[PDB]
>>> print(open('coords.pdb').read())   # PDB, N, CA and C atoms and all ligand atoms
MODEL        1
ATOM      1  N   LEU A   1     101.927  96.814 148.488  1.00  0.00           N
ATOM      2  CA  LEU A   1     102.024  97.396 147.140  1.00  0.00           C
ATOM      3  C   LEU A   1     102.691  98.763 147.253  1.00  0.00           C
ATOM      4  N   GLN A   2     103.723  99.094 146.483  1.00  0.00           N
ATOM      5  CA  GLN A   2     104.223 100.442 146.436  1.00  0.00           C
ATOM      6  C   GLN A   2     103.683 101.127 145.203  1.00  0.00           C
ATOM      7  N   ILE A   3     103.129 102.321 145.315  1.00  0.00           N
ATOM      8  CA  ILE A   3     102.657 103.078 144.176  1.00  0.00           C
ATOM      9  C   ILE A   3     103.260 104.463 144.251  1.00  0.00           C
ATOM     10  N   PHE A   4     103.261 105.179 143.147  1.00  0.00           N
ATOM     11  CA  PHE A   4     103.727 106.555 143.111  1.00  0.00           C
ATOM     12  C   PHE A   4     102.590 107.489 142.814  1.00  0.00           C
ATOM     13  N   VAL A   5     102.615 108.682 143.361  1.00  0.00           N
ATOM     14  CA  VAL A   5     101.680 109.718 143.035  1.00  0.00           C
ATOM     15  C   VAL A   5     102.441 110.957 142.640  1.00  0.00           C
ATOM     16  N   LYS A   6     102.099 111.520 141.500  1.00  0.00           N
ATOM     17  CA  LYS A   6     102.760 112.729 141.038  1.00  0.00           C
ATOM     18  C   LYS A   6     101.894 113.915 141.329  1.00  0.00           C
ATOM     19  N   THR A   7     102.390 114.944 142.002  1.00  0.00           N
ATOM     20  CA  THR A   7     101.635 116.152 142.276  1.00  0.00           C
ATOM     21  C   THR A   7     101.540 117.031 141.027  1.00  0.00           C
ATOM     22  N   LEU A   8     100.848 118.151 141.107  1.00  0.00           N
ATOM     23  CA  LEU A   8     100.662 119.043 140.001  1.00  0.00           C
ATOM     24  C   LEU A   8     101.950 119.730 139.635  1.00  0.00           C
ATOM     25  N   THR A   9     103.007 119.672 140.447  1.00  0.00           N
ATOM     26  CA  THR A   9     104.353 120.182 140.081  1.00  0.00           C
ATOM     27  C   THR A   9     105.238 119.053 139.583  1.00  0.00           C
ATOM     28  N   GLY A  10     104.774 117.811 139.568  1.00  0.00           N
ATOM     29  CA  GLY A  10     105.629 116.684 139.171  1.00  0.00           C
ATOM     30  C   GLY A  10     106.387 116.061 140.321  1.00  0.00           C
ATOM     31  N   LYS A  11     106.206 116.537 141.554  1.00  0.00           N
ATOM     32  CA  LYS A  11     106.838 115.967 142.748  1.00  0.00           C
ATOM     33  C   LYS A  11     106.368 114.538 142.887  1.00  0.00           C
ATOM     34  N   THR A  12     107.262 113.588 143.136  1.00  0.00           N
ATOM     35  CA  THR A  12     106.861 112.187 143.321  1.00  0.00           C
ATOM     36  C   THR A  12     106.616 111.862 144.776  1.00  0.00           C
ATOM     37  N   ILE A  13     105.425 111.377 145.122  1.00  0.00           N
ATOM     38  CA  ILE A  13     105.086 110.831 146.448  1.00  0.00           C
ATOM     39  C   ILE A  13     105.184 109.313 146.321  1.00  0.00           C
ATOM     40  N   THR A  14     105.786 108.600 147.254  1.00  0.00           N
ATOM     41  CA  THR A  14     105.802 107.136 147.237  1.00  0.00           C
ATOM     42  C   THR A  14     104.927 106.665 148.382  1.00  0.00           C
ATOM     43  N   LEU A  15     103.957 105.787 148.118  1.00  0.00           N
ATOM     44  CA  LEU A  15     102.995 105.313 149.115  1.00  0.00           C
ATOM     45  C   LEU A  15     103.028 103.821 149.258  1.00  0.00           C
ATOM     46  N   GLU A  16     102.783 103.330 150.457  1.00  0.00           N
ATOM     47  CA  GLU A  16     102.644 101.920 150.712  1.00  0.00           C
ATOM     48  C   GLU A  16     101.164 101.680 150.969  1.00  0.00           C
ATOM     49  N   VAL A  17     100.575 100.790 150.190  1.00  0.00           N
ATOM     50  CA  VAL A  17      99.160 100.513 150.188  1.00  0.00           C
ATOM     51  C   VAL A  17      98.913  99.008 150.130  1.00  0.00           C
ATOM     52  N   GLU A  18      97.675  98.557 150.294  1.00  0.00           N
ATOM     53  CA  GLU A  18      97.210  97.216 150.028  1.00  0.00           C
ATOM     54  C   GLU A  18      96.387  97.264 148.742  1.00  0.00           C
ATOM     55  N   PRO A  19      96.338  96.157 148.011  1.00  0.00           N
ATOM     56  CA  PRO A  19      95.685  96.184 146.701  1.00  0.00           C
ATOM     57  C   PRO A  19      94.233  96.564 146.803  1.00  0.00           C
ATOM     58  N   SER A  20      93.548  96.340 147.921  1.00  0.00           N
ATOM     59  CA  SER A  20      92.141  96.681 148.072  1.00  0.00           C
ATOM     60  C   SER A  20      91.942  97.987 148.840  1.00  0.00           C
ATOM     61  N   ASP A  21      92.980  98.774 149.100  1.00  0.00           N
ATOM     62  CA  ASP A  21      92.788 100.116 149.597  1.00  0.00           C
ATOM     63  C   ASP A  21      91.873 100.915 148.750  1.00  0.00           C
ATOM     64  N   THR A  22      91.011 101.702 149.360  1.00  0.00           N
ATOM     65  CA  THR A  22      90.164 102.575 148.603  1.00  0.00           C
ATOM     66  C   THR A  22      90.920 103.810 148.170  1.00  0.00           C
ATOM     67  N   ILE A  23      90.437 104.542 147.176  1.00  0.00           N
ATOM     68  CA  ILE A  23      90.993 105.820 146.788  1.00  0.00           C
ATOM     69  C   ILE A  23      90.876 106.811 147.914  1.00  0.00           C
ATOM     70  N   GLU A  24      89.843 106.742 148.753  1.00  0.00           N
ATOM     71  CA  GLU A  24      89.725 107.584 149.949  1.00  0.00           C
ATOM     72  C   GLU A  24      90.892 107.315 150.877  1.00  0.00           C
ATOM     73  N   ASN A  25      91.282 106.063 151.117  1.00  0.00           N
ATOM     74  CA  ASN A  25      92.470 105.758 151.912  1.00  0.00           C
ATOM     75  C   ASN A  25      93.727 106.328 151.275  1.00  0.00           C
ATOM     76  N   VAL A  26      93.866 106.294 149.955  1.00  0.00           N
ATOM     77  CA  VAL A  26      95.057 106.828 149.289  1.00  0.00           C
ATOM     78  C   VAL A  26      95.089 108.342 149.474  1.00  0.00           C
ATOM     79  N   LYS A  27      93.963 109.038 149.351  1.00  0.00           N
ATOM     80  CA  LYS A  27      93.910 110.489 149.509  1.00  0.00           C
ATOM     81  C   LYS A  27      94.398 110.838 150.922  1.00  0.00           C
ATOM     82  N   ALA A  28      94.051 110.068 151.961  1.00  0.00           N
ATOM     83  CA  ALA A  28      94.490 110.376 153.340  1.00  0.00           C
ATOM     84  C   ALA A  28      95.984 110.246 153.438  1.00  0.00           C
ATOM     85  N   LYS A  29      96.559 109.275 152.757  1.00  0.00           N
ATOM     86  CA  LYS A  29      98.026 109.098 152.732  1.00  0.00           C
ATOM     87  C   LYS A  29      98.689 110.277 152.031  1.00  0.00           C
ATOM     88  N   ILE A  30      98.131 110.756 150.918  1.00  0.00           N
ATOM     89  CA  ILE A  30      98.640 111.941 150.225  1.00  0.00           C
ATOM     90  C   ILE A  30      98.543 113.158 151.092  1.00  0.00           C
ATOM     91  N   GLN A  31      97.442 113.346 151.814  1.00  0.00           N
ATOM     92  CA  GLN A  31      97.254 114.451 152.722  1.00  0.00           C
ATOM     93  C   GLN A  31      98.328 114.400 153.773  1.00  0.00           C
ATOM     94  N   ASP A  32      98.631 113.249 154.374  1.00  0.00           N
ATOM     95  CA  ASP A  32      99.643 113.222 155.414  1.00  0.00           C
ATOM     96  C   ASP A  32     100.986 113.588 154.861  1.00  0.00           C
ATOM     97  N   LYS A  33     101.344 113.167 153.663  1.00  0.00           N
ATOM     98  CA  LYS A  33     102.652 113.456 153.101  1.00  0.00           C
ATOM     99  C   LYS A  33     102.783 114.900 152.719  1.00  0.00           C
ATOM    100  N   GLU A  34     101.731 115.556 152.218  1.00  0.00           N
ATOM    101  CA  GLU A  34     101.922 116.801 151.466  1.00  0.00           C
ATOM    102  C   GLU A  34     101.053 117.947 151.917  1.00  0.00           C
ATOM    103  N   UNK A  35     100.036 117.771 152.750  1.00  0.00           N
ATOM    104  CA  UNK A  35      99.169 118.850 153.176  1.00  0.00           C
ATOM    105  C   UNK A  35      98.060 119.114 152.199  1.00  0.00           C
ATOM    106  N   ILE A  36      97.841 118.300 151.169  1.00  0.00           N
ATOM    107  CA  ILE A  36      96.783 118.533 150.198  1.00  0.00           C
ATOM    108  C   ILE A  36      95.448 117.947 150.714  1.00  0.00           C
ATOM    109  N   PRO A  37      94.416 118.775 150.838  1.00  0.00           N
ATOM    110  CA  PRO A  37      93.124 118.309 151.347  1.00  0.00           C
ATOM    111  C   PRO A  37      92.471 117.278 150.422  1.00  0.00           C
ATOM    112  N   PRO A  38      91.946 116.178 150.965  1.00  0.00           N
ATOM    113  CA  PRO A  38      91.318 115.169 150.094  1.00  0.00           C
ATOM    114  C   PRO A  38      90.260 115.713 149.159  1.00  0.00           C
ATOM    115  N   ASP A  39      89.471 116.713 149.545  1.00  0.00           N
ATOM    116  CA  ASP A  39      88.396 117.198 148.686  1.00  0.00           C
ATOM    117  C   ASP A  39      88.940 118.052 147.533  1.00  0.00           C
ATOM    118  N   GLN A  40      90.241 118.392 147.533  1.00  0.00           N
ATOM    119  CA  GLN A  40      90.859 118.997 146.377  1.00  0.00           C
ATOM    120  C   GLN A  40      91.626 118.018 145.531  1.00  0.00           C
ATOM    121  N   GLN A  41      91.780 116.763 145.956  1.00  0.00           N
ATOM    122  CA  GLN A  41      92.537 115.801 145.191  1.00  0.00           C
ATOM    123  C   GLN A  41      91.665 115.161 144.146  1.00  0.00           C
ATOM    124  N   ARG A  42      92.104 115.149 142.880  1.00  0.00           N
ATOM    125  CA  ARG A  42      91.508 114.413 141.757  1.00  0.00           C
ATOM    126  C   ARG A  42      92.586 113.533 141.229  1.00  0.00           C
ATOM    127  N   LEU A  43      92.432 112.229 141.270  1.00  0.00           N
ATOM    128  CA  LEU A  43      93.468 111.299 140.887  1.00  0.00           C
ATOM    129  C   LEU A  43      93.130 110.597 139.574  1.00  0.00           C
ATOM    130  N   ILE A  44      94.129 110.381 138.704  1.00  0.00           N
ATOM    131  CA  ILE A  44      93.986 109.724 137.408  1.00  0.00           C
ATOM    132  C   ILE A  44      94.984 108.593 137.326  1.00  0.00           C
ATOM    133  N   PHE A  45      94.607 107.419 136.843  1.00  0.00           N
ATOM    134  CA  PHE A  45      95.555 106.355 136.500  1.00  0.00           C
ATOM    135  C   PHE A  45      95.264 105.951 135.091  1.00  0.00           C
ATOM    136  N   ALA A  46      96.235 106.021 134.174  1.00  0.00           N
ATOM    137  CA  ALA A  46      96.091 105.532 132.814  1.00  0.00           C
ATOM    138  C   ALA A  46      94.876 106.189 132.185  1.00  0.00           C
ATOM    139  N   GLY A  47      94.665 107.492 132.386  1.00  0.00           N
ATOM    140  CA  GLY A  47      93.547 108.222 131.780  1.00  0.00           C
ATOM    141  C   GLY A  47      92.186 107.917 132.383  1.00  0.00           C
ATOM    142  N   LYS A  48      92.117 107.214 133.507  1.00  0.00           N
ATOM    143  CA  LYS A  48      90.872 106.931 134.187  1.00  0.00           C
ATOM    144  C   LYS A  48      90.770 107.788 135.438  1.00  0.00           C
ATOM    145  N   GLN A  49      89.671 108.504 135.663  1.00  0.00           N
ATOM    146  CA  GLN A  49      89.407 109.220 136.890  1.00  0.00           C
ATOM    147  C   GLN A  49      89.070 108.217 137.975  1.00  0.00           C
ATOM    148  N   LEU A  50      89.745 108.262 139.106  1.00  0.00           N
ATOM    149  CA  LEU A  50      89.539 107.364 140.212  1.00  0.00           C
ATOM    150  C   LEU A  50      88.531 107.911 141.182  1.00  0.00           C
ATOM    151  N   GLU A  51      87.642 107.061 141.639  1.00  0.00           N
ATOM    152  CA  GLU A  51      86.527 107.443 142.506  1.00  0.00           C
ATOM    153  C   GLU A  51      86.834 107.057 143.931  1.00  0.00           C
ATOM    154  N   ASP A  52      86.542 107.920 144.899  1.00  0.00           N
ATOM    155  CA  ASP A  52      86.881 107.743 146.318  1.00  0.00           C
ATOM    156  C   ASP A  52      86.456 106.417 146.896  1.00  0.00           C
ATOM    157  N   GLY A  53      85.275 105.903 146.572  1.00  0.00           N
ATOM    158  CA  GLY A  53      84.729 104.677 147.177  1.00  0.00           C
ATOM    159  C   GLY A  53      85.180 103.403 146.528  1.00  0.00           C
ATOM    160  N   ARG A  54      85.941 103.458 145.450  1.00  0.00           N
ATOM    161  CA  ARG A  54      86.419 102.296 144.743  1.00  0.00           C
ATOM    162  C   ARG A  54      87.821 101.942 145.221  1.00  0.00           C
ATOM    163  N   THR A  55      88.299 100.757 144.888  1.00  0.00           N
ATOM    164  CA  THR A  55      89.612 100.293 145.312  1.00  0.00           C
ATOM    165  C   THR A  55      90.688 100.342 144.238  1.00  0.00           C
ATOM    166  N   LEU A  56      91.956 100.318 144.602  1.00  0.00           N
ATOM    167  CA  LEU A  56      93.029 100.224 143.615  1.00  0.00           C
ATOM    168  C   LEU A  56      92.851  99.014 142.698  1.00  0.00           C
ATOM    169  N   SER A  57      92.458  97.859 143.229  1.00  0.00           N
ATOM    170  CA  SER A  57      92.260  96.639 142.458  1.00  0.00           C
ATOM    171  C   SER A  57      91.137  96.798 141.474  1.00  0.00           C
ATOM    172  N   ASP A  58      90.135  97.620 141.745  1.00  0.00           N
ATOM    173  CA  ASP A  58      89.035  97.903 140.798  1.00  0.00           C
ATOM    174  C   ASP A  58      89.597  98.515 139.525  1.00  0.00           C
ATOM    175  N   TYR A  59      90.718  99.215 139.597  1.00  0.00           N
ATOM    176  CA  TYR A  59      91.316  99.930 138.477  1.00  0.00           C
ATOM    177  C   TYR A  59      92.481  99.208 137.904  1.00  0.00           C
ATOM    178  N   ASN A  60      92.743  97.991 138.340  1.00  0.00           N
ATOM    179  CA  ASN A  60      93.950  97.260 137.942  1.00  0.00           C
ATOM    180  C   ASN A  60      95.258  97.995 138.213  1.00  0.00           C
ATOM    181  N   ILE A  61      95.345  98.717 139.317  1.00  0.00           N
ATOM    182  CA  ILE A  61      96.559  99.384 139.736  1.00  0.00           C
ATOM    183  C   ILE A  61      97.492  98.365 140.408  1.00  0.00           C
ATOM    184  N   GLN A  62      98.758  98.299 140.012  1.00  0.00           N
ATOM    185  CA  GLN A  62      99.674  97.253 140.432  1.00  0.00           C
ATOM    186  C   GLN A  62     100.987  97.841 140.897  1.00  0.00           C
ATOM    187  N   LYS A  63     101.920  96.996 141.322  1.00  0.00           N
ATOM    188  CA  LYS A  63     103.236  97.422 141.787  1.00  0.00           C
ATOM    189  C   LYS A  63     103.849  98.493 140.896  1.00  0.00           C
ATOM    190  N   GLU A  64     104.264  99.604 141.494  1.00  0.00           N
ATOM    191  CA  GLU A  64     104.904 100.728 140.847  1.00  0.00           C
ATOM    192  C   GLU A  64     104.056 101.444 139.822  1.00  0.00           C
ATOM    193  N   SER A  65     102.738 101.258 139.793  1.00  0.00           N
ATOM    194  CA  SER A  65     101.877 102.131 139.034  1.00  0.00           C
ATOM    195  C   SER A  65     102.049 103.581 139.499  1.00  0.00           C
ATOM    196  N   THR A  66     101.792 104.543 138.612  1.00  0.00           N
ATOM    197  CA  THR A  66     101.903 105.962 138.887  1.00  0.00           C
ATOM    198  C   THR A  66     100.538 106.589 138.714  1.00  0.00           C
ATOM    199  N   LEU A  67     100.033 107.231 139.757  1.00  0.00           N
ATOM    200  CA  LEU A  67      98.807 108.003 139.749  1.00  0.00           C
ATOM    201  C   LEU A  67      99.184 109.461 139.601  1.00  0.00           C
ATOM    202  N   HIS A  68      98.335 110.268 138.994  1.00  0.00           N
ATOM    203  CA  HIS A  68      98.539 111.696 138.845  1.00  0.00           C
ATOM    204  C   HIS A  68      97.488 112.490 139.536  1.00  0.00           C
ATOM    205  N   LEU A  69      97.866 113.516 140.295  1.00  0.00           N
ATOM    206  CA  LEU A  69      96.959 114.529 140.804  1.00  0.00           C
ATOM    207  C   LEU A  69      96.712 115.523 139.687  1.00  0.00           C
ATOM    208  N   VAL A  70      95.474 115.920 139.443  1.00  0.00           N
ATOM    209  CA  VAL A  70      95.120 116.799 138.352  1.00  0.00           C
ATOM    210  C   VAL A  70      94.149 117.845 138.840  1.00  0.00           C
ATOM    211  N   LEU A  71      93.890 118.891 138.072  1.00  0.00           N
ATOM    212  CA  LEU A  71      92.856 119.873 138.369  1.00  0.00           C
ATOM    213  C   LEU A  71      91.482 119.229 138.158  1.00  0.00           C
TER     214      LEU A  71
HETATM  215 CL    CL B   1      92.344  97.622 152.341  1.00  0.00          CL
HETATM  216 CL    CL B   2      90.462  99.916 155.054  1.00  0.00          CL
ENDMDL
END
>>> encode(input="coords.pdb", output="structure tokens")
Amino acid sequence: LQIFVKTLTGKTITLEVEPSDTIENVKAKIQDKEXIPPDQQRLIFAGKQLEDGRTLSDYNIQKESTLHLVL
């Protein structure tokens, strides 16, 4: 699955994931790309706050979905 993550400046991160990856796994991928610590990352998809222990499939996140990093 390819997904996009937008940083707080609008920078686009492109990630390769599996549909059952957890949000904790996605945060580690964001950390490797950008230096952002997982405990400062808050991710939103379609106005839903994503929880670390849940999976992308739990949120119906699909090919080319865009997640946002937020305060
Ligand atoms: Cl997985
Ligand atoms: Cl895993």
>>> residues_near_ligand(input="coords.pdb", ligand="ligand CL 1 (chain B)", cutoff="7 Å", atoms="only C-alpha atoms and all ligand atoms", output="PyMOL selection string")
chain A and resi 18-22
>>> residues_near_point(input="coords.pdb", point="(104.1, 103.6, 149.4)", cutoff="8 Å", atoms="all atoms listed in the file", output="list in words")
residues 1, 2, 3, 4, 13, 14, 15, 16 and 17 of chain A
>>> write_last_selection(input="coords.pdb", atoms="N, CA and C atoms", output="CSV table (one decimal), in the frame of the given file")
chain,number,residue,atom,x,y,z
A,1,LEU,N,101.9,96.8,148.5
A,1,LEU,CA,102.0,97.4,147.1
A,1,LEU,C,102.7,98.8,147.3
A,2,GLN,N,103.7,99.1,146.5
A,2,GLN,CA,104.2,100.4,146.4
A,2,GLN,C,103.7,101.1,145.2
A,3,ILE,N,103.1,102.3,145.3
A,3,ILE,CA,102.7,103.1,144.2
A,3,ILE,C,103.3,104.5,144.3
A,4,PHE,N,103.3,105.2,143.1
A,4,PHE,CA,103.7,106.6,143.1
A,4,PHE,C,102.6,107.5,142.8
A,13,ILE,N,105.4,111.4,145.1
A,13,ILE,CA,105.1,110.8,146.4
A,13,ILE,C,105.2,109.3,146.3
A,14,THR,N,105.8,108.6,147.3
A,14,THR,CA,105.8,107.1,147.2
A,14,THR,C,104.9,106.7,148.4
A,15,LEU,N,104.0,105.8,148.1
A,15,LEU,CA,103.0,105.3,149.1
A,15,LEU,C,103.0,103.8,149.3
A,16,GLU,N,102.8,103.3,150.5
A,16,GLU,CA,102.6,101.9,150.7
A,16,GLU,C,101.2,101.7,151.0
A,17,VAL,N,100.6,100.8,150.2
A,17,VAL,CA,99.2,100.5,150.2
A,17,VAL,C,98.9,99.0,150.1
>>> closest_residue(input="coords.pdb", among="A:5, A:66, A:25, A:10", to="residue 51 (chain A)", atoms="only C-alpha atoms")
A:25
>>> residues_around(input="coords.pdb", residues="region 27-42 of chain A", least_positions_apart="2", cutoff="7 Å", atoms="all atoms listed in the file", output="PyMOL selection string")
chain A and resi 22-25+44+49-50+68-71
>>> write_last_selection(input="coords.pdb", atoms="N, CA and C atoms", output="PDB file, keeping the file's coordinate frame")
ATOM      1  N   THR A  22      91.011 101.702 149.360  1.00  0.00           N
ATOM      2  CA  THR A  22      90.164 102.575 148.603  1.00  0.00           C
ATOM      3  C   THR A  22      90.920 103.810 148.170  1.00  0.00           C
ATOM      4  N   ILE A  23      90.437 104.542 147.176  1.00  0.00           N
ATOM      5  CA  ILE A  23      90.993 105.820 146.788  1.00  0.00           C
ATOM      6  C   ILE A  23      90.876 106.811 147.914  1.00  0.00           C
ATOM      7  N   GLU A  24      89.843 106.742 148.753  1.00  0.00           N
ATOM      8  CA  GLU A  24      89.725 107.584 149.949  1.00  0.00           C
ATOM      9  C   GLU A  24      90.892 107.315 150.877  1.00  0.00           C
ATOM     10  N   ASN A  25      91.282 106.063 151.117  1.00  0.00           N
ATOM     11  CA  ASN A  25      92.470 105.758 151.912  1.00  0.00           C
ATOM     12  C   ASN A  25      93.727 106.328 151.275  1.00  0.00           C
ATOM     13  N   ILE A  44      94.129 110.381 138.704  1.00  0.00           N
ATOM     14  CA  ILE A  44      93.986 109.724 137.408  1.00  0.00           C
ATOM     15  C   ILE A  44      94.984 108.593 137.326  1.00  0.00           C
ATOM     16  N   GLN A  49      89.671 108.504 135.663  1.00  0.00           N
ATOM     17  CA  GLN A  49      89.407 109.220 136.890  1.00  0.00           C
ATOM     18  C   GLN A  49      89.070 108.217 137.975  1.00  0.00           C
ATOM     19  N   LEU A  50      89.745 108.262 139.106  1.00  0.00           N
ATOM     20  CA  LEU A  50      89.539 107.364 140.212  1.00  0.00           C
ATOM     21  C   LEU A  50      88.531 107.911 141.182  1.00  0.00           C
ATOM     22  N   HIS A  68      98.335 110.268 138.994  1.00  0.00           N
ATOM     23  CA  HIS A  68      98.539 111.696 138.845  1.00  0.00           C
ATOM     24  C   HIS A  68      97.488 112.490 139.536  1.00  0.00           C
ATOM     25  N   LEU A  69      97.866 113.516 140.295  1.00  0.00           N
ATOM     26  CA  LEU A  69      96.959 114.529 140.804  1.00  0.00           C
ATOM     27  C   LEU A  69      96.712 115.523 139.687  1.00  0.00           C
ATOM     28  N   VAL A  70      95.474 115.920 139.443  1.00  0.00           N
ATOM     29  CA  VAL A  70      95.120 116.799 138.352  1.00  0.00           C
ATOM     30  C   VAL A  70      94.149 117.845 138.840  1.00  0.00           C
ATOM     31  N   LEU A  71      93.890 118.891 138.072  1.00  0.00           N
ATOM     32  CA  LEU A  71      92.856 119.873 138.369  1.00  0.00           C
ATOM     33  C   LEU A  71      91.482 119.229 138.158  1.00  0.00           C
TER      34      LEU A  71
END
>>> atom_distance(input="coords.pdb", atom1="atom CL of ligand CL 2 (chain B)", atom2="CA of residue 26 (chain A)")
10.1 Å
>>> atom_distance(input="coords.pdb", atom1="CA of residue 58 (chain A)", atom2="CA of residue 9 (chain A)")
27.0 Å
>>> atom_distance(input="coords.pdb", atom1="CA of residue 60 (chain A)", atom2="CA of residue 8 (chain A)")
22.9 Å
>>> select_by_dssp(input="coords.pdb", residues="chain A", states="strand (DSSP E)", output="list in words")
residues 2, 3, 4, 5, 6, 12, 13, 14, 15, 16, 43, 44, 45, 48, 49, 66, 67, 68 and 69 of chain A
>>> select_by_dssp(input="coords.pdb", residues="chain A", states="helix (DSSP H, G or I)", output="JSON, numbers by chain")
{"A": [23, 24, 25, 26, 27, 28, 29, 30, 31, 32, 33, 34, 38, 39, 40, 56, 57, 58, 59]}
>>> axis_aligned_box(input="coords.pdb", around="region 40-49 of chain A", padding_each_side="3 Å", output="AutoDock Vina command-line options")
--center_x 92.7 --center_y 112.3 --center_z 139.7 --size_x 13.2 --size_y 19.5 --size_z 21.8
>>> closest_residue(input="coords.pdb", among="A:54, A:11, A:63, A:6", to="ligand CL 2 (chain B)", atoms="only C-alpha atoms and all ligand atoms")
A:54
>>> closest_residue(input="coords.pdb", among="A:48, A:67, A:61, A:55", to="ligand CL 2 (chain B)", atoms="only C-alpha atoms and all ligand atoms")
A:55
